[PDB]
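Taking it in order: structure first as structure tokens, then the write-up.
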Amino acid sequence: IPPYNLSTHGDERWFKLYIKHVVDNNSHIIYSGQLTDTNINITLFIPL
Amino acid sequence: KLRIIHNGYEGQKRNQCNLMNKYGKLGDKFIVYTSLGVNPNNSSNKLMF
């Protein structure tokens, strides 16, 4: 995950990443965190 | 599976290394400094940049 973008923080800095279509068509939230320079390496387990 | 990391030996190396990461991308080319000392004169710190 990239340091800062597409734009500057306003209004809110935070980024959240979701999962979808696994058991349900609606998306479900798997990770939520603040966006920070310079790099973020997140490793997830995803079920099928 | 091979793992290559840029983190400094706890101490100055990690600080310099964190500067490299914070203000620059990988593959970028630059000068770093091996020996850092506190001055006999002009210092009250025992601390260094």
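Taken together, the values in this text are just the output of simple stated rules run on the coordinates, not laboratory data. Quick reminder, even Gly has a Cβ in these numbers, built from the backbone with ideal geometry, and neighbours come from all protein chains shown.
With θ set to phi - 60° and the Karplus curve 6.51 cos²θ - 1.76 cosθ + 1.60, what are the ³J(HN,Hα) couplings of segment A:34-46 in order, to the nearest whole Hz, using x for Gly and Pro?
Each residue of segment A:34-46 in turn: 7, 6, 9, 5, 10, 9, 10, 9, 10, 10, 10, 9, 10 Hz.
Taking the number of other C-beta atoms within 10 Å as the exposure measure, put B:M20, B:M48 in order starting with the fewest.
B:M48, B:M20
Nearest 500 deg cm²/dmol is fine: what mean residue ellipticity at 222 nm does chain B get from its DSSP H runs of n ≥ 4 alone, each adding -39,500 (n - 2.57), divided by its residue count?
So the helix-based figure for chain B works out to -7500 deg cm²/dmol.
Using a ≥ b ≥ c from the Cα gyration tensor of the protein assembly as shown (square roots of the eigenvalues), is it rounded, prolate or oblate, where a/c under 1.5 gives rounded and otherwise the larger of a/b and b/c decides, a/b for prolate?
prolate
Give me a comma-separated list of calculated 3J(HN,Hα) values for segment B:23-28, in order, Karplus coefficients 6.51, -1.76, 1.60 applied at θ = phi - 60°, integers in Hz, x for any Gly or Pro.
9, x, 8, 5, x, 6
Skipping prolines and chain starts, which residues have an amide H placed within reach, meaning under 5 Å, of the one on A:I19, given they are 5 or more residues away or on another chain?
Answer set, sorted by chain and number: A:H28, A:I29, A:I30.
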